[PDB]
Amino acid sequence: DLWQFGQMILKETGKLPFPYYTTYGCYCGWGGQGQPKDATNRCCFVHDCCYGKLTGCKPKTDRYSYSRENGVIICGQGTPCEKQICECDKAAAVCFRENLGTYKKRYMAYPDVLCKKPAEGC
C-alpha cells in the first residue's frame, strides 16, 4: 500500500517520500503530463505504468509482505496482486536510489506549465 511504498522510498533513498517524490518533475506525483524530465521522473513514470498494468488490483490500499535483506528488497509471499504491487514498488524505490546522483532540487514543485505535449506513452 502507499504507506509501504513510502517506507521503501525512505529506506532506499534516505529521503521522505513527501515532498521529495510527490512533487518532482512531471510524473512524480499524481499521474502526470508530458514527458519525464530526467531519470528520477522516468522512474515515477515507469511506476505509474506498472500500477496501470494491475487492472484487477488496488495498489494504493493492498498491503503486502516484504523484507529487506543484505540491502535488497525481497517481496514476500502473498496474493498475485500483493506480489505484483510489491514488485512495482521495489523497482521504483531502487530506481530512485540509482538516480539520486541526478536528483535536482530545481525539479521539486516543477511548474505544471512546463509538462507540455506530447505525453510519453507506456
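Numbers follow the displayed sequence, beginning with 1.
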item: Stretch with the greater mean C-alpha B-factor as recorded in the entry, comparing 39-47 against 61-69; value: 61-69
item: Higher-B stretch (mean Cα B-factor, as the entry records it), 74-82 or 90-98; value: 74-82
item: Chain-wide C-alpha B factor ranking for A109, given as lowest, middle or highest third; value: highest
item: Ranked C-alpha temperature factor of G29 among modelled chain residues, by third; value: middle
